[PDB]
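Taken together, the values in this text are just the output of simple stated rules run on the coordinates, not laboratory data. So basically every Cβ, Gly included, is an ideal-geometry build from the backbone, and we count neighbours across all protein chains shown.
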Amino acid sequence: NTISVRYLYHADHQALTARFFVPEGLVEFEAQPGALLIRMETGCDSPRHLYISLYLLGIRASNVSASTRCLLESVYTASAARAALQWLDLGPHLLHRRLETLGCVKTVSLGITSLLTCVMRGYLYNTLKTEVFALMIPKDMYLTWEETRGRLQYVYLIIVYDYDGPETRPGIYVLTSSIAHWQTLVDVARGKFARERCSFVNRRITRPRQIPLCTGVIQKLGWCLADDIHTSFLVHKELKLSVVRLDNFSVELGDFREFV
Amino acid sequence: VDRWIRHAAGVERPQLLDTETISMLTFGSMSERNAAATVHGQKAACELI
Amino acid sequence: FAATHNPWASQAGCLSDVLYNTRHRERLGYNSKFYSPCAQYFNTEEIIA
Amino acid sequence: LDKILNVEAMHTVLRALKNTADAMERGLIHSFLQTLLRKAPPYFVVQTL
Amino acid sequence: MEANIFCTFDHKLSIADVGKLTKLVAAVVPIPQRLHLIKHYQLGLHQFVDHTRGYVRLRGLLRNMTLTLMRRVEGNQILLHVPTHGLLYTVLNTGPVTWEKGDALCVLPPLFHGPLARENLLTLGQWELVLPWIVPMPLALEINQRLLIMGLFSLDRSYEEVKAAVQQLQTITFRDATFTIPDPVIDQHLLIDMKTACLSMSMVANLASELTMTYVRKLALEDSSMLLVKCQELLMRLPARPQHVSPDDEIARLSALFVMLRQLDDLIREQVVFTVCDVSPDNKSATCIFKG
Amino acid sequence: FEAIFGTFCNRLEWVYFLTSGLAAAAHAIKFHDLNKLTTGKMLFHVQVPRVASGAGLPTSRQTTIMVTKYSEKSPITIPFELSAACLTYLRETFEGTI
Amino acid sequence: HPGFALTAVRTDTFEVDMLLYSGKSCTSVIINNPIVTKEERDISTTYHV
């Protein structure tokens, strides 16, 4: 009856949303809610920070298919990526310091300056708990060390650093796994990246100048059920591309862990 | 001589597998690759002197 | 009524005994996932208990 | 509760008499049938007679 | 994910059989499956029992098991609760080690104290309840240092030489308590840890700056102290020092070395689970911020 | 244009453990849990028939043999999800449109 | 042919339909009221009866 507080509130929001204005040259494909935001540490004063989509990292990634790179090369030809290749590509095998994960979009406004909400924790979803937006990993980037589906797989974003050629072309690896112990996750990383662990010695054999660093970096992002795993299809600006969807993906942004 | 045994047996080592694949063997894990066509179903045998 | 119709099978410590007992096998290590149809017959604790 | 145990002891005497009485019936059947075994020659003898 | 776990029994409880479990209320209980209704056969560390009698393999298999706090003995069921990240709940002592306020705690496989209280506290037709120790962090990692020095020490030695250091190594001491440690010796998992260990020792030896590695010798003539006298004996095998190098190179030569300092110490490092706050006067219960 | 056809709903005939004839073996009885502290180790004084004999072989002096039995519980559990949308629309009534 | 005779044991798995015949009022069973629990998630609410 009286003081019916339950009637007053419509719905609670455990998610920790944040509003980030974005340049119009990066809003493409980013307009879909399921995409990571990653601040970049530009060395220029104006601006020292620059948000980038995870898809923007794939134009320079080595492991991604070159045919996909031919598509991404036609996408981001604007004020964003022309400066991104001017900056992050210049970085000498340094990305975990330059980059900073910031969750995924909830909504994207249009206009010449595309402000967008992005949760930093909890589920991302449409307002009034209606549609459930889903995360979208790029197709080739996704992988699993265990082909068997787990009961519950956390996702991680390793950044491999090759040292073969004079110009490093680091790879990017989204991956889901039921593993939850970093002490064992580095152990399963030991024997799989034997060429990369050899590469960390392979710079010392040639170039004592310039310090070699990580063979990869691991940080928590969130958990997902094996039934929540999907590999569907996506369209934006007519340039169709299939993507590895993740349904009810809670966001839990752990700090980066450098290692060799 | 051990290489001659693996060759005459026809069962070559898969580069001693991954070291982590050996680490999972103590918990128990599959070693055989699945056969391609298998119209006849599961196979089994054993051997005694 | 022969004391041991298969001396290299029924005897304790014979080649098949160490080859198929889970105890003598685990002392040398093995993959548990593989099935061992003869091993079910040679076991002690599976039988004597 | 002790008065309930009075009835329990009464029922213990009841089954002690009933089961002994039915055992006396099974004994009368088992004894008379035992007499029929001694009383009855094998058929091939009776056929020869 | 699930906020709670349930269990089912086979052999029936008595007075003591339920009383020993009520004694274990609010105590750590690992599970390997996280199903809503786990069977008792999967409960506990006993499922990893090993006739080879290992230990480090029990630890690595323990590394992936989920931890779940005990609560509420309704009877004929365990009624486990799944800990939440970043909060706190009361936790009973299990491992025979004294606790202090604010220390970090970690899970370690059990080992006999010596006299061996041998209190299984639960048993069925063969199945038992082996609860892993909750131990203070420096004790949790020093045993890893003992197992790792045990691994490097094993190479190229006579059996009397192999066991000569063991009389001191396997008899760890801490807070008056003493512990004898049975060891796998060689269980492959110690070997794969040794491979990344020596691989870290190589780069730590090689990434060192020409002045940083010389820094002890630069301090050797500079000062005189018994810790330096102990420092002095190790480095020597049987006075001049140089100085050069532009300042900027050290910001790189030191920086990557920090990653190896983690990668070398990561294997003796263990994930924290508990942080004690309100120690109980009776030295039993202890609430702990942060969980698994 | 193109044709469309609607609710080809999947009909589901109901079943019951009680309607089933398999329950004739069962002696099912719903009953509140006592929080028994395990009283399921039931004892049974099962009376044993015997027979009198004229033989000199002894017959048992002890009527009724003991029997110990147990109540082996096997609990079951069924999840069923409900979307937060279906709940928030269920209690609330916006009254804005049909 | 060497000196080795072989007992080549081999287990087989067969699909089998079956039948069973318990007596009337054989085993007894009792059940209690269901105990619903409200597992919580921000996006959905599963219910484990």
**Message:** Just to be sure before I move on: is E:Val276 on the phi < 0 side of the Ramachandran plot and in a strand (DSSP E or B) in the structure I sent?
**Reply:** yes
**Request:** Could you please find all residues in segment F:46-77 being within 24 Å of the chain's Cα centre (by Cα), outside any strand (DSSP E or B) and loosely packed, with under 10 Cβ neighbours inside 10 Å?
**Result:** F:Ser74, F:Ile76
**Asked** If a residue has to be aromatic (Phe, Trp, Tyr), closer than 21 Å to A:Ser177 by Cβ and out of contact with any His (no Cβ under 7 Å at 6 or more places or on another chain) to count, how many in segment A:128-166 make the cut?
**Response** 4
**Prompt:** Any residue at all in segment E:186-197 that is loosely packed, with under 12 Cβ neighbours inside 10 Å and basic (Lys, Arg)?
**Reply:** no
**Request:** Output the number of the condition that A:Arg190 fails; it satisfies all remaining conditions of (1) within 14 Å of chain B (Cβ to nearest Cβ); (2) surrounded by fewer than 17 Cβ atoms within 10 Å (Cβ to Cβ).
**Result:** (2)
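Residues that are farther than 21 Å from E:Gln126 by Cβ: find the helices (runs of 4 or more DSSP H) completely inside chain C holding 3 or more of those.
Fully inside chain C and qualifying: C:7-10, C:15-20.
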**Residue tally, condition polar (S, T, N, Q), in a loop (DSSP other than H, G, I, E, B) and within 14 Å of chain G (Cβ to nearest Cβ), over segment A:1-56** = 1
**Complete:** By residue number, the members of segment A:136-167 that are of a type in the set (A, V, I, L, M), in a loop (DSSP other than H, G, I, E, B) and within 14 Å of another protein chain (Cβ to nearest Cβ) are A:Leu152
**Item:** Within segment F:1-45, tally of residues that are among the aliphatic types (A, V, I, L, M), within 14 Å of chain G (Cβ to nearest Cβ) and either in contact with a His (Cβ under 9 Å, 6 or more places away or on another chain) or part of a loop (DSSP other than H, G, I, E, B) (or both)
**Value:** 6
**Asked** Any residue at all in segment E:109-118 that is within 11 Å of another protein chain (Cβ to nearest Cβ) and surrounded by fewer than 16 Cβ atoms within 10 Å (Cβ to Cβ)?
**Response** no
**Prompt:** Restricting segment G:35-49 to residues that are in contact with a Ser or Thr (Cβ under 7 Å, 6 or more places away or on another chain) and within 14 Å of chain A (Cβ to nearest Cβ), which is nearest to A:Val251 (Cα to Cα)?
**Reply:** G:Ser44
**Message:** If G:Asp12 meets every condition in (1) among the acidic types (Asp, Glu); (2) within 14 Å of chain F (Cβ to nearest Cβ); (3) within 30 Å of C:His5 (Cβ to Cβ) apart from one, which number is that one?
**Reply:** (2)
**Message:** Let me confirm something: among G:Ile43, G:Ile31, G:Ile35, which residue is β-branched (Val, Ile, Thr) and in contact with a helix residue (DSSP H, G or I) (Cβ under 8 Å, 6 or more places away or on another chain)?
**Reply:** G:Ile43
**Fill in**
The residue that is farthest from the chain's Cα centre (by Cα), considering only those in segment E:6-32 that are within 11 Å of chain F (Cβ to nearest Cβ) and assigned to a strand (DSSP E or B), is E:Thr8
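Across segment E:33-52, what is the total count of residues that are in contact with a strand residue (DSSP E or B) (Cβ under 9 Å, 6 or more places away or on another chain) and closer than 20 Å to F:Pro75 by Cβ?
11
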**Message:** Can you find a residue that is more than 13 Å from chain A (Cβ to nearest Cβ), out of contact with any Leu (no Cβ under 6 Å at 6 or more places or on another chain), assigned to a loop (DSSP other than H, G, I, E, B) and under 30 Å from E:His113 (Cβ atoms) anywhere in segment E:195-217?
**Reply:** no
**Message:** Looking at (1) under 21 Å from A:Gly58 (Cβ atoms); (2) of a type outside the set (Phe, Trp, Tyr); (3) touching an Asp or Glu at 6+ places or on another chain (Cβ under 8 Å); (4) surrounded by 19 or more Cβ atoms within 10 Å (Cβ to Cβ), which one does A:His236 not meet, given that it meets all the others?
**Reply:** (4)
**Prompt:** Could you say which residue among A:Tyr123, A:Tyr156 is buried (at least 18 other Cβ atoms within 10 Å of the Cβ), closer than 22 Å to A:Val251 by Cα and touching an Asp or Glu at 6+ places or on another chain (Cβ under 8 Å)?
**Reply:** A:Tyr123
**Message:** Can you confirm whether E:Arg57 is part of a helix (DSSP H, G or I) and within 14 Å of chain A (Cβ to nearest Cβ)?
**Reply:** yes
**Candidates E:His85, E:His46, E:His51, filtered to the one that is at negative phi and surrounded by 15 or more Cβ atoms within 10 Å (Cβ to Cβ)** = E:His46
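Can you give me the number of residues within chain B that are of a type outside the set (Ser, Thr, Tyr) and either surrounded by 10 or more Cβ atoms within 10 Å (Cβ to Cβ) or not in a loop (DSSP other than H, G, I, E, B) (or both)?
The qualifying residues number 23.
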**Request:** Residue by residue through segment F:69-98, note down the ones that are farther than 30 Å from G:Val29 by Cα and facing another protein chain (nearest Cβ under 8 Å).
**Result:** F:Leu82, F:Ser83, F:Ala84, F:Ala85, F:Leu87, F:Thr88, F:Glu92
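Let's see how each residue does on (1) of a type in the set (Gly, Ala, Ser); (2) more than 28 Å from A:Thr127 (Cβ to Cβ); (3) crowded, with 18+ Cβ neighbours inside 10 Å:
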residue: A:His10; (1), (2), (3): no, no, no
residue: A:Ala35; (1), (2), (3): yes, no, yes
residue: A:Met40; (1), (2), (3): no, yes, yes
residue: A:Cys44; (1), (2), (3): no, yes, no
residue: A:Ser67; (1), (2), (3): yes, yes, no
residue: A:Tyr76; (1), (2), (3): no, yes, yes
